[PDB]
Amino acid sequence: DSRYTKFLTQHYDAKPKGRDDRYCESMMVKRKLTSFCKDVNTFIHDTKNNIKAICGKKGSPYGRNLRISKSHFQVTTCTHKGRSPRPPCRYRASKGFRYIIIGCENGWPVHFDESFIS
């Protein structure tokens, strides 16, 4: 599954190396998100099985093509902190344990909604 694999590349990191700003700066490069300095990207620290389950009965519909998780997930959200959109890109990390919203297609996670949840 192409879109599922792309989602994993962008958002899945089961054993994160530190969850700090350096982690974000390294991972944004390693996962190919710095062609321009992408402003927001969240890495999820949990199993692929648990993330995928959000697209089934362990998620709730959250408007068209979105599902919100019924369970909290450990996450690290990387946000751009520089003045230039050209790499190298500087990031701040924000750790969280919260419900997450994902875009689903035919039972598979294909996107991560990066908007604010409170």
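Heads up: residue numbers just count along the shown sequence, starting at 1.
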(request) Averaging the C-alpha B factors as listed in the entry, name the stretch that ends up higher: 89-97 or 55-63. (result) 55-63
(message) Going by the mean C-alpha B-factor recorded in the entry, which is higher: 19-27 or 104-112?
(response) 104-112
(message) By the CA temperature factor listed in this entry, which of these ranks top: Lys38, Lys81, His45, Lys32?
(response) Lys32
(message) What third of the chain does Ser69 rank in for C-alpha temperature factor, lowest, middle or highest?
(response) middle
